């Protein structure tokens, strides 16, 4: 089976780890323990095909930003995650996407914009349309709101990246 190198990116506290662990282990991480570097692997059936996924879960805050260049080069697909309850995390994604494009030099890179923590509707400070508009602005980049807690659109983030990869 073909292997897919997926990278989960985004600012601190958005739920990159919670989403990843929910997808791989099917459990919800309630505590917030900042990631330094973590990789997971999961055998998954996408479109009736066996796929081996290698997911790189990244640190929301890197002392040396240049470290990101290293995993973006190897990464095939990228998930840009922000929290709908934190505006700054949504605004931080612009620089991240430009860094991804700067590393590959190609304006075409399979990715998905993810507005996480959608179960916290009362604390929403980033609109759904607002996120959909950013995605549209990013050359019709895929978009979805998810919840690592309520298990909403968790699998979809990764399944979609695989679809984009096999072009």
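Positions refer to the first chain, counted from 1.
### Query
Looking at the deposited entry, does 37-45 or 111-119 carry the larger mean Cα B-factor?
Result: 37-45.
#### Entry: Stretch with the greater mean C-alpha B-factor as recorded in the entry, comparing 120-128 against 62-70
According to the PDB entry, the answer is 62-70.
### Query
Within this chain, which third does the Cα B-factor at residue 93 fall in: lowest, middle or highest?
For residue 93, whose C-alpha B-factor we compare with every modelled residue in the chain, the answer is the middle third.
### Query
Lowest, middle or highest third: where is residue 57 by C-alpha B factor in its chain?
For residue 57, the deposited C-alpha B-factor lands in the lowest third.
### Query
Looking at the C-alpha B-factor of residue 161, is it in the lowest, middle or highest third of its chain?
For residue 161, whose C-alpha B-factor we compare with every modelled residue in the chain, the answer is the middle third.
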